[PDB]
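To begin, one chain is listed below as C-alpha cells, in the form deposited in one PDB entry.
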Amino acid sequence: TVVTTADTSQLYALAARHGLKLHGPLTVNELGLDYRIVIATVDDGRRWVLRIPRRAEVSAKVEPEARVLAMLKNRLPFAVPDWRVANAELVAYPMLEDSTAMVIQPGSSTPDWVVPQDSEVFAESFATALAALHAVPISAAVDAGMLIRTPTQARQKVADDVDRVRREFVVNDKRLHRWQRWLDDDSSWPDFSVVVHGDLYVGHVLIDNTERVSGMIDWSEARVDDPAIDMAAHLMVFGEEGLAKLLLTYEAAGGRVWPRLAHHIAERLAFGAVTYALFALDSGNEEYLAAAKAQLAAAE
C-alpha cells in the first residue's frame, strides 16, 4: 500500500453523483484556498477538471459563474471551460488540454516557464483575443446576470477597496497618496466599461503549441468594469514594451482606447497591492497577511 494525496474513492463517489465515471490517472492541487482542483481521467478516455468548492461561501458563487460561461461560449473566438457539471458540490469540465502560457509547479513561487517576450504570435493573438472579449455586448452580460459597474461604479469600487485597506492596515504614506491622486485624476479613468475577465494573466491564458492564444480559464472574477483590469498583468509580465505592442494591436483589432490608457494601466498595476492585501485579509492566512502588510508598509 502507498499513501497518496488524492482520496480516489471519495473523488469517485463525488464525480459519480454528477454523472462522471472516474477511471485512470489523476492529479490533485489542494493549495487553493477556495477550491480543490483535480485533473482526472474519465471513462470517456478524456481528462476532466474537477473544481471542488471547499465551503458554502464558495459554493454560492458557482451558479452565477455558470451563467457567465454559458453566455461567453459562442461569443469568444477561443475556448472557455465547458461546465457540463455545475453545482454547489462540484464543477466539472473537460480539460482544455492546451498549456497555460505560464507553467508553474504547485507550491513553487517561481514558474518553470513563461511564454517569451519576443513571441510575436502570443503577443498578437493575446491582443486580438482581449479585443474580442472586450467587444462582448453589455446587453449579453446583463442578460446573463453579470455584475455590472458603470464607470462611476468602477471608480467607486477602487475607492472602497483603498478605504478598506486603510481601515485594516497601516500603509506607506506615499503609496496612499499615489492611490488618492489616481482616484482624483479624472483624465486617467475611462468613460465606459466592458466585459472583463477580472483575473487575467499568463497563468489563466491557454496557448496552442505555436503559442497562439487558444483559451482562457478561471473566470470567477468576470464582470463589466474597467478594461484596464485585464491589461495590468500584461504590463507586469511583459513590461512597458509589451504593453506598447498590446495597445497598438488591441486598438487595431477594434478595442476601444482612451488617451491615458497606458498610464491608467500602470496605476491599476500599483493598485494590485490593495487587491493582494484584501485577498490576504479575507483569506485569514497569516503567510499572505505577513506578505501583504510588508508590501503595504514599504515604499514603492
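Sequential numbering from 1, following the sequence displayed. Throughout, rigid core stands for the largest set of C-alpha atoms superposing within 1.5 Å between the two forms.
The same protein also exists as the form deposited in another entry; that form is not shown, yet it is the one meant from here on.
- No residue in 198, 94, 203, 151 other than 94 shows a CA shift of 2 angstroms or more between the shown form and the other one after fitting the rigid core.
- Superposed on the core, the two forms differ at residue 45: its CA moves 2 Å or more between the shown form and the other one.
- Once both forms are fitted on their rigid core, the CA atom of residue 116 lies less than 2 Å apart between the shown form and the other one.
- Once the cores line up, the CA of residue 20 ends up 2 angstroms or more apart between the shown form and the other one.
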